[PDB]
Amino acid sequence: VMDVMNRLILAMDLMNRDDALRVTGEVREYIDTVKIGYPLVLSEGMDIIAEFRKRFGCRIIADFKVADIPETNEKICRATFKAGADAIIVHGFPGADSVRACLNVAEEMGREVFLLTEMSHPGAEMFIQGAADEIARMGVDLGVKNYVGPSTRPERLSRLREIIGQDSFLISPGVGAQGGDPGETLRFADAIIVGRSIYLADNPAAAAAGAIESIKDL
Amino acid sequence: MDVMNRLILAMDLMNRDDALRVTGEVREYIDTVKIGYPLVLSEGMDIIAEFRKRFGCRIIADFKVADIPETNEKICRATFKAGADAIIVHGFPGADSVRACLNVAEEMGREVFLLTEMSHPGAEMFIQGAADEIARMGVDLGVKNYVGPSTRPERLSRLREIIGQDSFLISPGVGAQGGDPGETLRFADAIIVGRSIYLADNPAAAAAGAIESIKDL
Ligand SMILES: O=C1CC(=O)N([C@@H]2O[C@H](COP(=O)(O)O)[C@@H](O)[C@H]2O)C(=O)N1
Ligand SMILES: O=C1CC(=O)N([C@@H]2O[C@H](COP(=O)(O)O)[C@@H](O)[C@H]2O)C(=O)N1
């Protein structure tokens, strides 16, 4: 599994190149893995991935929550890996064929797929939560090794960890702004994803250092 | 929304030259183009403005928005800033995530299309069982634009029943995936067609032929 420095992944959702680059550079000594999503990509282009690689020594997880039909999913994965992303996050709710399409491209291109099971926001309780355990089981059956689970629901995150096993890699968002606790989340997740608590702080470096300090024993 | 010939082109080619050329070859048959991530992630969001400059067509950003509310808001803002007239959002992530999109659309004068049931086989695993409820959620939220599967006419008909004749419904899965143009239009206001047109030997004839099959429709 990828060796995430300090078990902390930065969710870089700022929407302008200058600010995104500044903040990421300021926390560079604490984080070597950055999650780049559509807020930044749709604002600055896929070349932002290239710029991050050039400026920082950070792995890039493209958080695109791929959720289309198999044929389109394959195209999205190809374009994303072509740009330099180390991994891509895919939704499991659209079914097994859609996930398999992503896995096939990842295998062919030598990259990784992260399967998003349950989400962290309130709305996830409406439809996703009830399908989450089966989506996770589906991931295991398909050979998925990397997963995403919610920090906001410890009981659900714990169950997801059980389903995927200790060998699987699990990252978890919802820490900080959404209410999740760093340490508690790391009881089940290999790494925590943190966005606003760091990138909106007056001193992102201090925010990152503080978060790491609170989980130093972990 | 008034879609010319009830036909929406799904432009999923991945290079600017081919995308612009093919769209230009069928421009006389359409006035609405669905642009998704295959093209956007390959050529950039500036491609939307380019399409409006060259064709003056309506642009539906098929981004199947499926994030938390906060992120959904940012995605919609960036998308509408690029010139998209509408955006497609997944309903599976819940009401709050859809509401976030509706708010931005209202603020920027755009439309939100709610994707209920999908057209591919995998949709039967989790989405289909929640589709009717997702559609009712759309009705409760005031959603007026929906997306349903051409590949399952009975499911598309049910979606139409739930949302009513007043709502706008577009449907993908026509052609390559097995859906029939005419049958799909019995329930949907417009059909979405990708490969059957942009992958055809002669895209113009494909589009012309498709419209011919639904001539008196
Ligand atoms: O269930 C999930 C999945 C996910 O990726 N995310 C993403 O994780 C990040 C959370 O950021 P934040 O720490 O709440 O500011 C954002 O980029 C979200 O889009 C989430 O919050 N919940
Ligand atoms: O359920 C759905 C939703 C959707 O948007 N689509 C999209 O509709 C288009 C269908 O293209 P095609 O006619 O099968 O080539 C693609 O851009 C898909 O991503 C789909 O096929 N099924």
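Below, read A as the first sequence line, B as the second, and so on, with proteins coming before strands; counting in each chain starts at 1. We use all heavy atoms of the structure for the numbers below, so side chains are in, but hydrogens, waters and symmetry mates are not.
- Two residues are said to be in side-chain contact when any heavy atoms from C-beta on lie closer than 4.5 Å; A:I128 and B:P93 meet this criterion.
- In terms of heavy atoms, A:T117 sits closest to A:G149 at OG1-CA, 4.2 Å.
- Applying the 6.0 Å contact sphere to CD of A:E107 captures no more than 12 heavy atoms from other residues, nucleotides or ligands.
- Between the side chains of A:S151 and A:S172, no donor N or O sits under 3.5 Å from an acceptor N or O.
- Summarising the geometry of B:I48 relative to B:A84, their closest heavy-atom pair is CG2-N, 3.9 Å, with the distance given to 0.1 Å.
- A donor-acceptor distance shorter than 3.5 angstrom exists from the side chain of A:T80 to the backbone of A:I76, with no hydrogens or angles considered.
- Of the possible polar contacts, none joining the A:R111 side chain to the A:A87 backbone as a donor-acceptor pair under 3.5 Å is found.
- Salt-bridge annotation for B:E73 and B:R77: present, with a side-chain N of the basic residue lying under 4.0 Å from a carboxylate O of the acidic one.
- Taking 4.5 Å as the limit, some side-chain heavy atom of A:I89 sits within range of a side-chain heavy atom of A:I61.
- Ring pair A:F93/B:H90: centre-to-centre distance below 6.0 Å.
- In this structure, the side chain of B:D31 engages the main chain of B:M4 through a donor-acceptor pair within 3.5 Å.
- In this structure, B:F126 and A:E134 have side chains that are in contact, with non-hydrogen atoms separated by less than 4.5 Å.
- Side-chain contact between B:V193 and B:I8 is absent, with no heavy atoms from C-beta onward closer than 4.5 Å.
- A donor-acceptor distance shorter than 3.5 angstrom exists from the side chain of B:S42 to the backbone of B:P38, with no hydrogens or angles considered.
- Taking the charged nitrogens against the carboxylate oxygens, A:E125 and A:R153 do have a contact shorter than 4.0 Å, which makes a salt bridge.
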Report task. Test A:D190 against A:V4 for side-chain contact (heavy atoms from CB on, under 4.5 Å), laying out the working first. Result -> CA-CA 8 Å; A:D190 291 283; A:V4 178; over 6 Å; no

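- Side chain of B:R160 to main chain of B:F187: a donor-acceptor pair is present (N/O by atom type, distance under 3.5 Å, no hydrogens or angles).
- Ring-centre distance between B:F63 and B:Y37: below the 6.0 Å cut-off.
- Nearest heavy atoms, A:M15 versus A:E44: O-OE2, 4.1 Å.
- Closest heavy-atom contact between B:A100 and B:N72: CB-CB, 4.2 Å.
- No salt bridge links B:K215 with B:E212; every basic N to acidic carboxylate O contact stays at or beyond 4.0 Å.
- Judged by distance alone, the side chain of B:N5 and the main-chain N or O of B:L7 form no donor-acceptor pair under 3.5 Å.
- Between A:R156 and A:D133, at least one side-chain N (NZ, or NE/NH1/NH2) sits under 4.0 Å from a carboxylate O, which counts as a salt bridge.
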Report task. Show the numbers, then the answer: is there a side-chain contact (heavy atoms from CB on, under 4.5 Å) between A:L115 and A:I135? Result -> CA-CA 9 Å; A:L115 183 67; A:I135 289 176; 4.2 Å; yes

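- Between B:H120 and A:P70 there is a side-chain heavy-atom pair separated by less than 4.5 Å.
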**Report entry** Step-by-step side-chain contact (heavy atoms from CB on, under 4.5 Å) determination, B:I87 to B:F113
**Finding:** CA-CA 6 Å; B:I87 193 171; B:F113 274 79; over 6 Å; no

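- When the shell of 6.0 Å around CG of A:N16 is examined, it contains more than 12 heavy atoms from other residues, nucleotides or ligands.
- Checking side-chain atoms of B:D96 against main-chain N and O of A:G123 turns up a donor-acceptor pair under 3.5 Å.
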**Report entry** Test log, rule side-chain contact (heavy atoms from CB on, under 4.5 Å), inputs B:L159 and B:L169
**Finding:** CA-CA 9 Å; B:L159 171 56; B:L169 174 60; 3.5 Å; yes

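- Classification of A:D63 and A:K35 as a salt-bridged pair holds, one side-chain N sitting under 4.0 Å from a carboxylate O.
- Heavy atoms of other residues, nucleotides or ligands lying less than 6.0 angstrom from CG of B:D140 number more than 12.
- B:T184 contributes no side-chain N or O that, together with a main-chain N or O of B:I191, makes up a donor-acceptor pair within less than 3.5 Å.
- Screening B:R52, B:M1, B:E111 for a side-chain contact (heavy atoms from CB on, under 4.5 Å) with B:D85, the sole residue that qualifies is B:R52.
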Requested in this report: Let me see the working for B:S119 and B:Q177 under side-chain hydrogen bond (donor to acceptor under 3.5 Å, both in side chains), right down to the final yes or no.
Outcome: CA-CA 8 Å; B:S119 67; B:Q177 295 179 59; 2.6 Å; yes

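- Between A:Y147 and A:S168, the shortest heavy-atom contact is CE1-OG, 3.7 Å.
- Of the possible donor and acceptor atoms, none in the side chain of B:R136 sits under 3.5 Å from a partner among the backbone N and O of B:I163.
- Using a 4.0 Å cut-off between charged side-chain N and carboxylate O, B:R21 and B:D18 make a salt bridge.
- A pairwise comparison of heavy atoms in B:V112 and B:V143 identifies O-CG1, 4.4 Å as the closest pair.
- Although no hydrogens or angles enter the test, the distance criterion places no donor-acceptor pair under 3.5 Å between the side chain of A:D47 and the main chain of A:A50.
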